[PDB]
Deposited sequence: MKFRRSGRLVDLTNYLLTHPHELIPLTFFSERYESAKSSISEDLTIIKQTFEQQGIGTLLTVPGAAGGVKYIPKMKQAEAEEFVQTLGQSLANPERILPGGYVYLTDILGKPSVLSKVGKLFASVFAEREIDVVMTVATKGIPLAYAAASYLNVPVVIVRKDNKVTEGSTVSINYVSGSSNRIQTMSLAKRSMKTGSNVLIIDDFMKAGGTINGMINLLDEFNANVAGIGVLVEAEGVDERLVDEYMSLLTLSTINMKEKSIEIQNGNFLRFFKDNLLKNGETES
């Protein structure tokens, strides 16, 4: 039958494991063998706690098609504190790599770090219509998956090497050599709304390549998120995008590195 206590625990779990899914009140009412109106009072308690604790919000549709949807959201204050902490650990001279690159590998491997970044991306882009999260192998993948797990959409990975395939030449900052990115035609429907995620935007050719690839699929750019941007990305290369951090100054020989907030506050 479920006591009120067990009901709150189970509902909390159920909502948290089914983010961005509209769940009919009748599903819970049958699950708990309780009246829908009692479920709604339970949802009011979870909503309040979710909001007070910075977990997210519950959106409800009343009436005959009645249902509830859990939206992961991050409060501005948590976002700023988290990005600040991340930037401070990035501001380490030992992470400087040749070519104005920054060592992110340890950071991109940690579960706690990834889930906060994923959540921040899902929070900012929560209201966009997004069908799919896309990135290019290899380093962006963890970020793209983390974001996708909160938005509850597929992650699509563009390859650097099946079935029929769409291909796009592009240049990345790591070599003036022309590279090719490709995605199988079945990997994505025409007209998909696509969130592009990546770890580091240096000169913007990679994200621009992904934008050109979507153009071939007749898919739409719903949004763009990167963990770190270098200063001075050509605006023609990349449209609107959100960055968490800015690599504002780097110098291998001086072994000097400076990092600032990205533009993420514009999105709050």
{"query": "Sequence order list of spans that the model leaves without C-alpha positions, deposited numbering", "finding": "1, 163 to 166, 274 to 285"}
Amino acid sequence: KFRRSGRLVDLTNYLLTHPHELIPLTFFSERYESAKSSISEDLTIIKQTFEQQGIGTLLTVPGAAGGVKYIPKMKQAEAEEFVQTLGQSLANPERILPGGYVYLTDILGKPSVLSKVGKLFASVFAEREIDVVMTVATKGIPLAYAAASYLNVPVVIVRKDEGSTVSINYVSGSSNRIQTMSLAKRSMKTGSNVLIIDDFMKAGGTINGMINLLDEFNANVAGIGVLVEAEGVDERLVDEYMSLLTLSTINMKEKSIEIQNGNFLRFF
From here on, numbers count along this sequence of modelled residues.
property	result
Comparing 171 to 179 with 187 to 195, the one whose average Cα B-factor in the PDB entry is higher	171 to 179
Entry-level comparison of average CA B-factors, 256 to 264 and 6 to 14, reporting the higher stretch	256 to 264
Residue, from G87, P142, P154, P93, that the PDB entry assigns the highest Cα B-factor	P93
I46, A64, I55, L213, ranked by C-alpha B-factor: the highest one	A64
Position of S34 among the chain's modelled residues by C-alpha B-factor, lowest, middle or highest third	highest
Chain-wide C-alpha B factor ranking for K116, given as lowest, middle or highest third	lowest
Where the record places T26 (Cα B-factor, split into thirds across the chain)	middle
Ranked C-alpha temperature factor of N218 among modelled chain residues, by third	highest
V68 - Cα temperature factor, lowest/middle/highest third of chain	lowest
